[PDB]
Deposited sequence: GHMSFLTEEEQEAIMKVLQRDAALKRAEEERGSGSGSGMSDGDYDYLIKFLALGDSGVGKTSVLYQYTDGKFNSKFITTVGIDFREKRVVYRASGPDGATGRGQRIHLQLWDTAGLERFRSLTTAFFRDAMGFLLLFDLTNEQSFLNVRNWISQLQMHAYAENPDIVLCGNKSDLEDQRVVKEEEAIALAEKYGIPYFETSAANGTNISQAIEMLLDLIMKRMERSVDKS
């Protein structure tokens, strides 16, 4: 078991990199958010796909905590399909280990998030079932009582082993008022649609300020 020196140095590396990044943003605005979910659901894969278009299938469980950036451009996303001239958005995309060994390390990074990507594994029902607790965890620890969440039933490319019925998943999302997307980190289905939704939900919350 016992946590090793080499793994802490990586985490100090991520931390050292975040601390550097914040010091510089000091684009148009920096929009931070955070992906979480049981481990082995594709947080890293999903984010990797989204940023780089690639996908490794070797499972490399996240060493506690990591983050990525995309310099995307956000546009209006207005009513009945409008689009006013949109902004530059530096993105920061936290990736949390879903394991026990880091439940208390990852939960400290919620404070830096402005939205959330809650992931489950369409091929693993317990991923789906534990989704309620994850949401509980987010109201309890995020920095607004009703934090913006987009849910993702990831691994949509593995139909011959999909045990979560879209009915049950849409029903869970409707019960909380959270957008649902079924996603694949293999081939990128809805990977863009889903995080951009969060971005809209997040950017629109700032124009309520």
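- In this chain, the deposited residues that lack C-alpha positions fall in the ranges 1 to 3, 30 to 43, 227 to 230.
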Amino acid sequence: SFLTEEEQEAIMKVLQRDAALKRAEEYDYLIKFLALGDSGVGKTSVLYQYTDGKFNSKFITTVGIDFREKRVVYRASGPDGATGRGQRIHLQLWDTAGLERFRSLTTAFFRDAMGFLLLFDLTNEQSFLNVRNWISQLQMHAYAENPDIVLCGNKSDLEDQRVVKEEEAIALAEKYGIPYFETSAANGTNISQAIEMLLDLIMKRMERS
From here on, numbers count along this sequence of modelled residues.
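- Higher mean CA temperature factor, per the PDB entry, when comparing 144 to 152 with 33 to 41: 144 to 152.
- When the C-alpha B-factors of 78 to 86 and 114 to 122 are averaged, 78 to 86 comes out higher.
- Comparing C-alpha B-factors across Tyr27, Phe67, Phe55, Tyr180 in the deposited entry, the largest value falls on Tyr27.
- Placement of the Cα temperature factor of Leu93 within the chain: lowest third of the modelled residues, per the deposited record.
- Ranked against the other modelled residues of its chain, the C-alpha B-factor of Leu158 as given in the entry falls in the middle third.
- In the PDB entry, a CA B factor belonging to the middle third of its chain's modelled residues is recorded for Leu138.
- Sorting the modelled residues of the chain by their CA temperature factor places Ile60 in the lowest third.
- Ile170: CA B factor lies in the middle third for its chain, per the PDB record.
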